[PDB]
Structures are given as structure tokens and as C-alpha cells.
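1. Provide a 3D model corresponding to the input given below.
(3 chains, ligands or ions: 2)
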Amino acid sequence: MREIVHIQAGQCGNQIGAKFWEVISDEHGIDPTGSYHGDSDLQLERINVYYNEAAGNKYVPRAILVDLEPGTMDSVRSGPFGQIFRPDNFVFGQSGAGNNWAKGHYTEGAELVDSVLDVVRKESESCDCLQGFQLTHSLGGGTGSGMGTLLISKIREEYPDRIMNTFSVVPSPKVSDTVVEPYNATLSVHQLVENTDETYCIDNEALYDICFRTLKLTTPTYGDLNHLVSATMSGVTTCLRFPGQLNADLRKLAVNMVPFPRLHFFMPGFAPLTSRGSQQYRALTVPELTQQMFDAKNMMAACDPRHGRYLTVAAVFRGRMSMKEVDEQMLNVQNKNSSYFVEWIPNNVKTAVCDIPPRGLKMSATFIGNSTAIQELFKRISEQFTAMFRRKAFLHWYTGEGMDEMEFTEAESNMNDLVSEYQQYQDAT
Amino acid sequence: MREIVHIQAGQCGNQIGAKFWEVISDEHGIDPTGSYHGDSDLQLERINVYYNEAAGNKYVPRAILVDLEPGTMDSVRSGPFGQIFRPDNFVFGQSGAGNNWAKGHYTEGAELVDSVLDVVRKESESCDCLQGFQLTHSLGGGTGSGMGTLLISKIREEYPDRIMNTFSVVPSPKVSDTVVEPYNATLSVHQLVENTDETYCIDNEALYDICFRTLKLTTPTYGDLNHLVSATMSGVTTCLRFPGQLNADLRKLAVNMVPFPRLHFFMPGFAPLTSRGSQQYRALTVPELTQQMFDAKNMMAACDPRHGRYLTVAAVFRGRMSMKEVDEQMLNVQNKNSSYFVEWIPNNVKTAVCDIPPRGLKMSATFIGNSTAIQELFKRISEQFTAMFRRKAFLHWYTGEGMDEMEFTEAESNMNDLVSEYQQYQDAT
Amino acid sequence: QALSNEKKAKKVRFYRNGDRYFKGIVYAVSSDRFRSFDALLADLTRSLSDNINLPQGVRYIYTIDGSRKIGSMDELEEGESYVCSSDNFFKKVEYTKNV
Ligand SMILES: Nc1nc2c(ncn2[C@@H]2O[C@H](COP(=O)(O)OP(=O)(O)O)[C@@H](O)[C@H]2O)c(=O)[nH]1
Ligand SMILES: Nc1nc2c(ncn2[C@@H]2O[C@H](COP(=O)(O)OP(=O)(O)O)[C@@H](O)[C@H]2O)c(=O)[nH]1
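-> Numbering: from 1, shown residues only, chains lettered A, B, ... in the order given. Ligands and ions are numbered 1, 2, ... in the order given. Here you go:
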């Protein structure tokens, strides 16, 4: 049991998912047809969490793909592992978002949100024991900010107990891929703090550095950028799909990592990340994988963790290894960096150990670290919002879609409530 | 025994039947010559219900084909499986209906109804134990509304005990294929509520949506529309022609589905209905076939069942399956949709399970659901009648055929008696 | 000045005629999206009738009460529903119950 329904939204969240389902099919051994060509019977035992068995030994992904124009869905069905999806799940409109939250959430979302929830409710009944949903979108564009946050509110009113986690892409601070991205981010963080459980903030700028510096890549396309996000998304639920010595899941991370009902924005991190030639000048041990998860050059949210304190740390390991060798390192990085952790939470490291490695490697990891260092991320969104709102510019595109100036006030005031909270628990006593 | 005499009328009812006898011959294995080329001996055991054995191992359909002009009968004998009918049964006049109920029922029907009943009475004596008749016509045109309802009254005066069911085609609400179709429908429903036992209301508009949306067809001709009606007509009597675990027939559905001697207008429904490419992304189980029979997008009478309550539900399944798996689903859709069923009839679902599937599939179904949702169908006929009668327009074509204004009064008042009854049993206590 | 006239969308609801099981979609009705009232009938055409309602389309917009035929867009007010019909005859059912 414990099945998961995957929801995609926007141009960004589709292309993340279109690489993500390639990664999951590489573990469980699924051809682009949809049949099975594996070697181990452990791949087929927990297969139901991301699959429904069709008639004739074929498996389909439990995915829901949402857009407002068919310019992206045609790319998904044409690419490899595009025939694997069911043709009913491609729900899409015709008007297009226009890179607008107000078009994505109020007007053109309302003509489509009823068509999506029929696909949601059909997939919810077919599962035996529903574990929880997951969503992949972006806070910059129109669809992933508007249509996504509309789907979160409609689900939470109908499922007030299931876990709901989003791999949201927060816009980078230096470059700006959208002129109105301080409006799309601020009007969507107001939705996320009240209707989710945990949220994995990913910045684009941190992903460019890892391919450039750490992996030593010359021409990083998005297929090499999204492959790091998809390897992170598989690493969160990798103990739910495989037997392990110490097991955790989406529920246990939602209890451990989240000590307060608002403070639930995380930052991910993956290890090991070698080069194409430097993968022989490195010994793959647990203390080697430990000292790569914690440095600043291997985060994914563009914020140095040294500016704030950690609160909770999850370290999901994969592959066979000594439990003593794990428990020694998780104590070791907690003693010497004693100022970098919060004091009134003792033993603030949650450990999970799977057994089966990723395809190709011997052992791996996945860093899920909550911190106060993401107060810097909401400084720059709250500053760039007020820099653009005090002149009331780029505003008539949102007023004409049924919105007032008071909605911008409560959304911004909700964000400065949040930065006051991370500031308070940095200097507790 | 238990033989059935099939009667066709009008241009519509002939072309439905001309595809229907192709479907029955595909089950029992009959060539266009009339010989036998089957594989299983179960096809020849109950063959007598729709056939009479001729001399020399040839079988003929027990059909009676009626028209008022030979423009349609020439198309039947020229098409494939047109040589299979007997040349004596083609009873047809020369004047033509003129798309007129008053010509079809009074004047030109009287010169032909004596010639039809000699063919009826000849086929009634050749059968050993007569099960009952069936009729295929339409309430829009001239012949199927006038000549058909004249044949129903002449049969019921001579057979006051046999079952009499009609697959009448009720005209669609939005488009209008006939200017005077509120007159042909109203003057024929007055005949049907007093001389039949059960009636399967089929709308054209619902059949266009199923080929467009559900089957994903590009160019639906009537051969693809009538193939859904003929698959429904075979599915009603499919337990009478084959052995099954739990058996029902035309008599048992007339007792279960009909709790009052007037409230007997049904709506059909067929499942499964895949696409040409989407037939592999679907598992054929009993809970899959259950959740397709009950939604609004797979009815055949243009009325959403959610506007009213059900009263009785027949679910004739085909193919080998678990009886527990059927009885669990027929309880499951009755508990969660508890407001959508009538209260003072408990366990309002009749189940019948055959053994032999249709040609090509593994398991199938047939939904026969009575409801109060067909009060909307008789609102629009009763409204469009009074919108055209208060000006007394298109009326001189009916007065000149021997009719008064009082006949329009009692026919319309009979219909508002019927809508008052379905309104009353929607709010019982 | 630059803080302009605040081109504002009314938030009005549209119950379609007769359909008791219908909620009414809030449209961003402004003077910028519709230069004329006759253009407002065009947007009401596709987004109200799907399979079973309104063969005549959209002709007459009534009030929710309803005792008045809506003229131009100046006869609309912010935050009130309107019964959208397509004939002279009006249906008196409880539209606004349980929004
Ligand atoms: N990481 C990543 N971000 C992407 C990708 N494609 C688009 N984006 C992000 O998506 C945002 C642009 O919005 P868009 O994808 O069109 O979404 P929508 O406008 O809401 O439909 C920017 O923040 C881009 O950085 C991709 O392949 N990878
Ligand atoms: N479903 C269906 N309806 C048909 C077909 N052919 C004609 N009709 C219907 O028949 C009606 C027209 O009347 P007609 O068939 O000429 O019958 P008549 O005038 O009484 O002889 C309309 O309601 C058509 O929709 C067909 O192949 N399939």
C-alpha cells in the first residue's frame, strides 16, 4: 500500500517530471513501452506506489499533468518515455497563462480546476491506502504559481489528513527570468504556508554552480540540471520503496523536520557528485559522503547555511554500510560545529538507511536540512515586492482580473510575519 | 422455447435493425448466406429465440420490417446481411408518411396494418412458447411515430399478457431534426404509456458525445452510432440466450425495474468503451466496469442522473467473474451516493450474470437504470408542444386527416400527469 | 499622474436559467475587456452551455430577483448575481440558495 499521486504543473514542473519518471523507471526497470525487463524481484514488490498495473503486464505512472496551453504537453508525449503516460491524464486548456498569477489562479484556472479534480478523485479511489500527494511547480511563471496553488487549496479542503509536499522552484536572486517574479512569488508563498506540510525550495542559480564547479561540465543543458532535482526526489521516498535497516518515509520526515506548523521550508542536497575524470581520485566511504553534504557549495537553495543556524537535519543514506560509521559521523559534525546548530533541540539529526543503491553507484545520500538560513531568501522576495509595489507598477494586469490592493497587503504582511519567526528562533535561549 | 418476434418501423428503426441483425449473427456465427460456420455448440442450443430453422440447415431472422415507401427497404436488401431476411416479411406501402403522425396513424396506416398483422399472426403461431415482442422505431418521424403506435394497440388488444418493449428514439433537445417533432413526440407518448411495458429512451445527442469524447472517433457515421444501440439491445436478452450463474430475462426486468404501471421509461448504458489506442492503458476488472456505468458521460438518454434520484438499477454483466466482486461493487456505489437513490426502496439494484462475453472482449456490462432524471426529458417536449400549440400553427396538416383540437388537449394533459408523478416520487418520505 | 483610474473588474456571478445544480462563475467584468455590452454576450456563449441547456444561446440577461431586463454594462453592480436566460419566459427557482 501507501500509494502516492504525482501532480505536475506549469512548463517547468512538466519538464522536471518528464526527467523524473525516466529516473524512477531506471530503478524499477521499465522500458519506454511500459513492460518489465528487470533482474531482481525487489523491483516489483513495492511497485504500486508510483504505478497502476494495467492488463497485460504493463505499468502506467500515477501522474497528473496540468498546463494552460498545449505547447508543453506536445513535447512530453513526443519525447522518450512519453508513450508511458496515459492519454487521459493530459489535462490542459487553451487560453494560456500569459505569465500571470491572476490569470493562473482566478480566471483561467477556474475553467480547468474542475477537470483536474475529476482526474484527482479517480486516482484517489483506485489506491488502497493513500500515502499522500506530491507536486512539482515553480513560483516564477504563471501556471505553476496560479494553477498549482489553486489545486493545493482544493485538495486540502477535501483531504485534511494526507501529506502534501511541493518541490517548488524559488526564483534566483541575481538574474531574473521574469520581470514580475516578485509578484508571482509573494502571492504564492501566502498560499503555501497555509495549505502544505513541507516544501523543498530549489533555486536555479545553485544548480548552475554544481554543474560548473563540482561536476566540471562544459555545456549544461536542462537535462543535466533536472537530473539533479530528480535524483533528489527519488532519494526522499527511497526507503518507502525498498527494504532498509532503519526506515523513514514522508510521514516521519514531516514529524521530525517540522517543529512548528509554519516553519517548513527546506533546502535539499545530494551526494556524491564527482566529475567525469575525477571519479577515480576519491574513496567512497561514509565520512567522505558526510563531508560533502554539509558544505555551502553543494546546497540547492541559494543561501549559505553559515549565516543562520540549523534546526533539523535529515540524512537518508543508500547502499549497504555500517550503522556505527553513520552514527559516528552524525555526532562528529554536531560537536565541532556546535555554534551552527540550535541549542534547545538536542540530537537534531534524523537518520534513515536504505539498502539498494542508485543505478550505477555503490552508496549515495540525500540531505534534507531545515535552517534559519532561508530568511535571506524571503528578504529578497519581500524587498523586491515592496520596491515594485510602492510605485503600483505592473499592477493593472492584476486589477483587471478581479483583485484589489488589499490582497497585496495581507500577502506581504504574511511574509514579514515569517521572517520575524526565523529571526526569533535564531536567537533563542 | 421463449421466442421473440422482432418488429421494425420507420426509416430509423430499419437502419437500427439492419445493424442489429449483423450483431446477433456475429454471436451465433451466421454467414450472410444464412448457413452456420461456428465453433461452439452453445451457439446452436438457444438459436430458436431469434431464428426459424429452414430446410437445409439455414436460419432466417424472425423479423417484420414495416415502412410506408420502398426507399428504405431497397437499402436493406441491397446491403450485407440483406439476403438473410425472408422476402415475404417486407411489408410496405406506396403513399409515404410525409413526416406526419396523422398520416402515419390514421389514414395510410389503416391500409397497411391489416397486412402487417397477418405476418404477425403467422409468426406468432409458428413459435412454441411466445416470450414477447420487441419494437424499434423513433418518436420524431412519421412512420415510426404513427405506424408503430398503431401496431402496438392492435397487438395489445390481441395479446394482453405478453411483454412489449420498444427501443424508441426520443428527439434531442438542442438540435431539432424535425420541425414538427414536438407534435410527433407528444402524440406518441400518449400511446406508449398505455400499451407497453418498458421503453428504452435513446437520444441522438448523447450518442454523438460518446463517439467524440469517449471512443475518440473522428468521423462517426451512423454505422458507428447504431452499433452502440445494437450492442445494448443484445445485452438485454443475453442471459436468455446463454447459460449464466444468475439469470434474468425480459420478464424479470419488467417486474424489478417497474414499480408502478406508468413509470417505465428507462435509460440505457454500455461499458466498457475504450479508444483505439487507449485500450491498453486500462485494466478490465469489475470495479473498473462499475465506475464507468454510473457517470453522466456514458448514458444514452440526454439527462444527467444527478438532477434526480434513481429508483431501480439493472446491471447485466457478461463474461466469467467473481460474484463477490460484483456484489461488493453494487453495495459500494449505493452507500456513498446515498442521496442519489430513493429511500423507500431498499436494495434497489438487480444483478444478472451471464457467462459468454461479446465477440472480441473479455467481460462487458449493460446498464438499465430507471430514474426521476427523465422528468427533464418530458419538460422539454411538453414545453415545446405548448409553445407551438397556443398559436395553433402547423395544425392544418393534422386537422385535414381527421383530428380535432381535443385530441391535443388530452395528449398534453396525459404528459403533465406523468411529470407530476416523477416529481412526487422524487420527494417521498 | 501615473497612479491611473485603477481599471477594475467587477466580481459578478452568473446563474444560468433553470439549472438548479449550478453555481455561477465569477467573471472579471470590466470596461477594458468589453468595449460594448454586445461583446459580453459572446463570452457568455461558450462558458455557460456545455451539453444540456440553452439551444437558443444567450439573449436576455435578467436580475436575480428577477423583474428587470439588463440593458448596457452601466446597469450592473459589484457583487450581485444575475440570471442568464435566452427567452422572454423566466423560471422562478431558488438560485442563490447554498452558494
Ligand atoms: N530548473 C528548471 N527550471 C525551469 C526549467 N524550465 C523552466 N524553468 C523555470 O520556469 C520558470 C518560467 O516559468 P514556466 O516554466 O514557463 O512556468 P509557467 O509560466 O507557470 O507555466 C523560470 O523560473 C525557469 O527557471 C527547467 O527545465 N528546469
Ligand atoms: N440513431 C439514429 N437515428 C436515426 C437514424 N436514421 C434516422 N434517425 C432518426 O430518425 C428520425 C427521422 O425520421 P425517420 O427515420 O425518417 O422515420 P419516419 O419518418 O417515421 O419514417 C430522426 O430523429 C433521426 O435522428 C440512424 O441511423 N440512427
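2. and the strands in chain C?
-> Ranges of strands in chain C, per DSSP state E, are C:10-12, C:14-16, C:27-29, C:60-63, C:82-85.
3. can you list the buried residues in the first one?
-> When neighbours are counted by 16 or more other CB atoms under 10 Å in any protein chain shown, the buried residues of strand C:10-12 are found to be C:10, C:11, C:12. Quick note: C-beta positions are derived from backbone N, CA and C, even for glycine.
4. neighbouring strands - and their directions - for that strand?
-> Strand C:10-12 sits in its sheet next to strand C:27-29 (antiparallel), going by DSSP bridges.
5. same check, this time on the second one
-> Sheet partners assigned to strand C:14-16 using DSSP bridges are listed as strand C:82-85 (parallel).
6. mind putting the strands of chain C in JSON lines, distance to residue A:20 included?
-> Below are the strands of chain C laid out as JSON lines (distance: least, CB to CB, whole Å):
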{"stretch": "strand C:10-12", "distance to residue A:20": "38"}
{"stretch": "strand C:14-16", "distance to residue A:20": "40"}
{"stretch": "strand C:27-29", "distance to residue A:20": "35"}
{"stretch": "strand C:60-63", "distance to residue A:20": "48"}
{"stretch": "strand C:82-85", "distance to residue A:20": "44"}
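7. apart from its chain neighbours, what residue comes closest to whatever residue of chain C ends up closest to chain B?
-> Residue nearest to chain B within chain C: residue C:55 (4.3 Å; CB to the nearest CB). In this structure, residue C:55 finds its nearest non-sequential neighbour in residue B:174, 4.3 Å apart by CB to CB, 6 or more residues apart in numbering or on different chains.
8. related to what we said a few turns ago, phi, psi of the residue of chain C closest to chain B?
-> Backbone torsions for residue C:55, taken as degrees, to the nearest 10, come to phi -70, psi -30.
9. sorry, back to before: of the buried residues of strand C:10-12, closest to residue A:40?
-> Nearest to residue A:40 among these: residue C:11, at 57.6 Å, using CB to CB.
10. wait, the closest one sits on residue A:404?
-> No. Using CB atoms under 8 Å, residue C:11 makes no contact with residue A:404, being 9.8 Å away.
11. spit out the contact partners of the nearest residue to residue C:78 once chain neighbours are set aside.
-> With CB to CB, 6+ apart as the criterion, residue C:78 has its nearest non-adjacent residue at 4.9 Å, and that residue is residue C:10. By CB atoms under 8 Å, 6 or more residues apart in numbering or on different chains, the residues touching residue C:10 are A:402, C:28, C:29, C:30, C:76, C:77, C:78, C:79.
12. out of the residues you listed, which end up buried?
-> By neighbour count, with 16+ other CB under 10 Å, these hold A:402, C:28, C:29, C:30, C:76 as buried.
13. so what sits opposite the third one in the bridge?
-> Assessed by DSSP bridges, residue C:29 has beta-bridge partners residue C:10.
14. now do it against residue C:9, distance only.
-> Note on residue C:29: its distance to residue C:9, by CB to CB, to the nearest Å, is 6 Å.
15. could you find the closest non-adjacent residue to the closest residue to chain B within chain A?
-> Proximity of chain A to chain B (CB to the nearest CB) peaks at residue A:86, 4.2 Å away. For residue A:86, ignoring the flanking residues on the chain, the nearest one in space by CB to CB, 6+ apart is residue B:281 at 4.2 Å.
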